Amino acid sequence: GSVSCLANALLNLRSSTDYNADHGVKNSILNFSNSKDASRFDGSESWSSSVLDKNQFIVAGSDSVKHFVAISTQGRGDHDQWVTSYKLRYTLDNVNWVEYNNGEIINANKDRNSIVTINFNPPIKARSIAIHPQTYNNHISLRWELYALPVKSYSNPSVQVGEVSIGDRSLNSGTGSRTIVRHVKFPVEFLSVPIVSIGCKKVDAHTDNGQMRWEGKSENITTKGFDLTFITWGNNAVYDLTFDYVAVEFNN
């Protein structure tokens, strides 16, 4: 129940340097492995830097605010190279970068294939995150994965808004439960059925010997629109009512 970001192709990767394109970040996913044919080179089972110093990195980014819950690193699958320690940096606004845990040096790998996982408690909240290898065996070469919370069903909703009124004297006389429907068409048709929230912004109504009774309900909601049912009861004479509505479409 966390998301493997690289496995799902959710993040753009950018390395500092690449030994060459056959050692690029595209070869860096956790457990990456390619042909065992020893007669041809189809790429390192790792990202491998070109320059060996303490300034190399891979930046992983996208526009969404991610809640990173863990990172896993691994050495290189096909040669004895691995990152033995690293630092992490991240940014929420893509302008100001901070060091994870005050520049903590994280102890990492000691062989080609064993996975080392660090859990973030609390999650790192970031748009971009960078692994900054500090020490290495033989070469700065690694495979990795970044784990994030799944997107919530309530995130990134679509919204259309409008207003609706009775607009005449339909409810301005009579006795007992009395209702009128105003059909509202959304400016644009939704892809799926939204919810429709409403709030009153005008009352022009007579009490029934002091009792005020008015109600609005959004009903018969479709992708194209909905009905605002205006309601009164007892003997109230309602002259006009106005609602603003906010139609919200989730998960689409």
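Note that residue numbering follows the sequence shown and begins at 1.
With 76-84 and 122-130 compared on mean CA B-factor from the PDB entry, the stretch scoring higher is 122-130. Of the two segments, 138-146 and 160-168, the one listed with the higher mean B-factor is 160-168 (C-alpha atoms only). You'll see in the entry that, of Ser177, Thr91, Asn102, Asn109, the Cα B factor peaks at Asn102. In the deposited coordinates, the residue among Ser173, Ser114, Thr117, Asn96 with the greatest CA B-factor is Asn96. The entry lists a Cα temperature factor for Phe68 that places it in the middle third of the chain's modelled residues. Looking at the C-alpha B-factors along this chain, the one for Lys201 belongs to the lowest third.
When the CA B factors of the chain's modelled residues are split into thirds, the value for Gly43 lands in the lowest one. When the modelled residues of the chain are ordered by their C-alpha B factor, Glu219 lands in the highest third. In this PDB entry, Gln211 carries a Cα temperature factor that places it within the lowest third of its chain's modelled residues.
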